[PDB]
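Line by line, the protein sequences give chains A and B.
The opening residue of the first sequence carries number 14 in UniProt numbering; numbering runs sequentially from there.
The opening residue of the second sequence carries number 14 in UniProt numbering; numbering runs sequentially from there.
Don't be surprised by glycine CBs; every beta carbon is placed ideally from N, CA and C.
Down below is the structure, laid out as structure tokens.
Protein chains: 2
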Amino acid sequence: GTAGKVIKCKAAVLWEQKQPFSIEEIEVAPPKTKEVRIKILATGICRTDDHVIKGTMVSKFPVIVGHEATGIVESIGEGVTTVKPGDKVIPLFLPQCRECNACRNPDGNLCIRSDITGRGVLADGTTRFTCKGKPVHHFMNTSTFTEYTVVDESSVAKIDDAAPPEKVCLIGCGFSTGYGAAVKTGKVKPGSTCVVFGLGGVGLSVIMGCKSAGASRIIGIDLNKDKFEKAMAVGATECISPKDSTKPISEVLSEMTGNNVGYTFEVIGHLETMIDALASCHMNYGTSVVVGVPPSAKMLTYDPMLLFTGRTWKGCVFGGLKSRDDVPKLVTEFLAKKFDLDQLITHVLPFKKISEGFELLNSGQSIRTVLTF
Amino acid sequence: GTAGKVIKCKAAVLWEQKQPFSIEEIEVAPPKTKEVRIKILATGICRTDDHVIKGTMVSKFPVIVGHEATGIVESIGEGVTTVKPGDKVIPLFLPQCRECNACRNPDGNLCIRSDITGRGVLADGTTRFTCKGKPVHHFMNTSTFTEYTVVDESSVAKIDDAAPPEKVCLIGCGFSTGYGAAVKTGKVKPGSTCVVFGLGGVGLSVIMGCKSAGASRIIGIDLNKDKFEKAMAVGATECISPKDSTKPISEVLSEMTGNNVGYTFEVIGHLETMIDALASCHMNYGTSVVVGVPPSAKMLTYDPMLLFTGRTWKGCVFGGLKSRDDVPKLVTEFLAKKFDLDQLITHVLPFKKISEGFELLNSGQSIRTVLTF
Ligand SMILES: NC(=O)c1ccc[n+]([C@@H]2O[C@H](COP(=O)([O-])OP(=O)(O)OC[C@H]3O[C@@H](n4cnc5c(N)ncnc54)[C@H](O)[C@@H]3O)[C@@H](O)[C@H]2O)c1
Ligand SMILES: NC(=O)c1ccc[n+]([C@@H]2O[C@H](COP(=O)([O-])OP(=O)(O)OC[C@H]3O[C@@H](n4cnc5c(N)ncnc54)[C@H](O)[C@@H]3O)[C@@H](O)[C@H]2O)c1
Ligand SMILES: [Zn+2]
Ligand SMILES: [Zn+2]
Ligand SMILES: [Zn+2]
Ligand SMILES: [Zn+2]
Ligand SMILES: [Zn+2]
Ligand SMILES: [Zn+2]
Ligand SMILES: [Zn+2]
Ligand SMILES: [Zn+2]
């Protein structure tokens, strides 16, 4: 078997920033203590991965990004008790050590293992993939744009065998974040009026969340009018584009709802919309959840009076879900015909066609692209 | 009687900003439809009143400030049905029409009638005071540094007759704000560790709030060490001064609590301290309530990652209390010996000694000074 020896395989390595991917043969060192080596079956293309290339999100290069996926367990390391080889799992970019401060805190989730610093290694303070002698860095405790990867046990959730790898892979980042941001983070209330800024893969996920919450009205806001039709299929009661009017978006939504915007979700990644998403929620009882990651090295400049009058402004990391616990239950839900992930997946391509997936994304012609292996 | 005629009396008029008060003979007009003319018995000095004179709070001039008070109803206009002359009432700077959007929403309170914009006038766009021919503007739908004042029915809470005026007047701003800030707005959890930025009159009220919540550890932060003693009496577990160490406060409180600071309240009004208060709470599950009023026309500049990690940031007005409903309830709790409001009252001076009251505060030698008539 391979269990115990260096594996050689294909990987969409990224040598520099703003540089294109190049599929290359790498050396997946076998798992160490409490580590697991996974064989990736399917991996989706999320906006975060695209951020790395553009420079909007820093990382150590060379890197093997990707984090939204699902695979089978090839071999487990020393001590691995939660999963055995053959098990269907989903790597988790947000760990759940079950011992750290937040992991202990019922209203927390950002484990101490989490890598939002751009460390590019595992707990061991080291890398598993090699290439041309050169070591290559991990991405957010995961790295799924590769045939095989190694993740700490703290980053592995075991899901149902019946789960179709192409659909459930969305649950590793896109759907769990969006859905949770509405249901968990913002705790949308039945009857409220939600408005989503960004009709992307994660945005539509929130729309679904609001739909499960019972939101009476859901307004989809997006620059690309071609997204509306799908947003509405998912649950949007109406959508609009910021350019439809010359008067501020906050005044638009204000007059549209009758100054009743109860919730607002920023799922884009721009400072400006982080502010008009805030402003667009009711000055007193409106909540504005920031789901999109702000551009690296940028500082937001705002009017405190927006917050002072009573606004609740909260951040969101993986829908505030506790990965090792929620990922499993969420997958069961999908199988329970609760929701339809099919409506988010617009393109399924083979890994070799990874550049087509990305471009289709930047072209605004694909919600979620699934790269199957 | 007076009921129906213009009253003449003394009031602490402020002709210009940066200018000293000036006790003068004013003419308080009789109340119009659904308005109430009240005779002020006691009025405390809030830091907000001081903001007006310093310019950090925009208001039209001339203006009769003051809003933390209690008095008795002298005459009621037509339609007034909630109160009758003789009644002991508390003027409300934050109205409660019971019909606007915020009023009808359970988790809101900033009623549409509020004057957070500096209008300086009653619902009918007019002012009741006059002085040397010249019109004098109200302050926050109240204006209490006068022997008499006129307010709209939506800004009048009918209290318990037995309530002592120079004590329950704190429930009109100071105590209601601070207490509600921790109990209602921030909903402090039993066992939590809270930190208070500012040990003034409102700050101390927050400590009493957290203490009521069951906060296992409360840390008071103030740069004026002489207030600590009072804080500790109020409920503080320990106090610190930002100057006591060179290592930024956020790192200090973290080392102090083992990165378990769950709640933070900014009760001072400085942009820099608002930042320090955000950073000071747990990056994933920490809440940071802003109670201080941010300086006029100034923007806040911070790092969005602080919020993105999961922190809750919320503003606070009147401790999130629904005025006409909560103020009465609060007073009774007071008479029921629930809280010791006397621990906040450091001075009681006659109205004409107002300037000393303000000096007392600016010299950091008084928590809450009550100016009695
Ligand atoms: N915090 C998290 O857990 C988390 C999870 C997933 C994704 N993200 C972040 O979410 C954001 C987007 O992710 P996605 O995967 O859903 O991407 P996506 O590309 O599919 O969607 C981007 C959406 O934003 C719209 N948009 C961009 N600029 C706009 C503007 N100026 N005004 C209005 N609309 C505009 C696009 O048209 C599209 O509708 C990024 O910040 C990504 O890093 C965060
Ligand atoms: N939002 C509201 O509903 C509401 C209600 C009442 C009062 N307020 C605001 O309350 C805020 C606090 O004022 P207050 O009424 O309690 O009176 P205050 O002036 O006495 O409180 C200031 C307190 O904070 C301390 N302080 C001042 N600058 C500081 C700094 N740089 N670093 C650390 N500590 C500092 C002072 O020593 C004092 O203890 C004011 O800004 C006032 O506008 C707001
Ligand atoms: Zn992602
Ligand atoms: Zn953890
Ligand atoms: Zn954009
Ligand atoms: Zn006040
Ligand atoms: Zn005027
Ligand atoms: Zn109202
Ligand atoms: Zn100060
Ligand atoms: Zn006492």
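- Distance from the C-beta of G187 of chain B to the nearest heavy atom of ligand 6 is below 7 Å.
- Look at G305 of chain B here: in three-state DSSP terms it is coil, with no helix or strand label.
- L266 of chain B has a beta carbon lying at 8 Å or more from every beta carbon in chain A.
- Inter-segment contact for the region 57-65 of chain B and the region 86-97 of chain B is absent: fewer than three beta-carbon pairs are separated by less than 8 Å.
- For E251 of chain A against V163 of chain A, the beta-carbon gap comes to about 46 Å, at or over 8 Å, which does not count as contact.
- Listed in chain order, the alpha helix (DSSP H) elements of length 4 or more contained wholly in the region 264-322 of chain A are 284-292, 318-321.
- With contacts defined as CB atoms closer than 8 Å, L354 of chain A and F241 of chain A fail to qualify as a contacting pair.
- For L320 of chain B, the neighbours in chain A by C-beta distance under 8 Å run, in chain order, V303, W326, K327, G328.
- CA-to-CA, the gap between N118 of chain A and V265 of chain B works out to about 21 Å.
- For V215 of chain B, the enclosing alpha helix (DSSP H) has its first and last residue at 214-226.
- A residue is called buried once 16 or more other Cβ atoms fall within 10 Å of its Cβ, and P261 of chain A, having fewer, is exposed.
- Sorting A:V76, A:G14, A:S376 by C-alpha distance to the C-alpha of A25 of chain A places A:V76 at the top.
- Put simply, the backbone Cα of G191 of chain A is about 12 Å away from that of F210 of chain A.
- For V306 of chain A, the chain B residues whose C-beta falls within less than 9 Å of its own C-beta are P317, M318, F321, listed in chain order.
- In the pairwise beta carbon analysis, the region 296-314 of chain B is classified as touching the region 270-287 of chain B: at least three pairs are separated by under 8 Å.
- At a cut-off of 8 Å between beta carbons, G121 of chain B contacts chain A.
- Judged by beta-carbon spacing, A170 of chain A lies within the 8 Å limit of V102 of chain A, meaning their Cβ atoms are closer than that value.
- Looking at B:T69, B:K256, B:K202, the one whose alpha-carbon comes closest to that of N273 of chain B is B:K202.
- Interface annotation, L313 of chain B: in contact with chain A, CB-CB separation under 8 Å.
- Straight across, the Cα-Cα distance linking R126 of chain A with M296 of chain B is about 14 Å.
- Cβ neighbours of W28 of chain B within its own chain (closer than 8 Å, five residues either side excluded): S35, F74, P75.
- Distance check between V215 of chain A and each of A:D339, A:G233, A:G227 places A:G233 closest, using alpha-carbon atoms only.
- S35 of chain A is bridged by DSSP to A:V26.
- For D338 of chain A, the closest alpha carbon among the candidates A:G68, A:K23, A:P43, A:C116 is that of A:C116.
- Where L362 of chain A is concerned, the enclosing beta strand (DSSP E) starts and stops at 358-363.
- The beta carbon of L284 of chain B sits closer than 8 Å to some beta carbon of chain A.
- Not one heavy atom of ligand 3 lies closer than 7 Å to the C-beta of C329 of chain A.
- DSSP, read as helix, strand or coil, puts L183 of chain B in helix.
- Among the residues of chain A, those whose CB is under 9 Å from the CB of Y298 of chain B are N114, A115, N118, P119, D120, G121, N122, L123, following chain order.
- When the alpha-carbon of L373 of chain A is set against those of A:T359, A:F386, A:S88, the nearest one is in A:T359.
- Listed by position in the chain, the residues whose beta carbon lies within less than 5 Å of some heavy atom of ligand 4 are A:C110, A:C113, A:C116, A:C124.
- Listed along the chain, the chain B residues whose CB falls inside 7 Å of the CB of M287 of chain A are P317.
- In this structure, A82 of chain B keeps its C-beta atom at 8 Å or more from the C-beta atom of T15 of chain B.
- Assigned with DSSP and collapsed to three states, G233 of chain A falls in strand.
- Assignment of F142 of chain B by DSSP, reduced to helix, strand and coil, places it in the strand class.
- For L374 of chain B, the secondary structure class from DSSP, reduced to helix, strand or coil, is helix.
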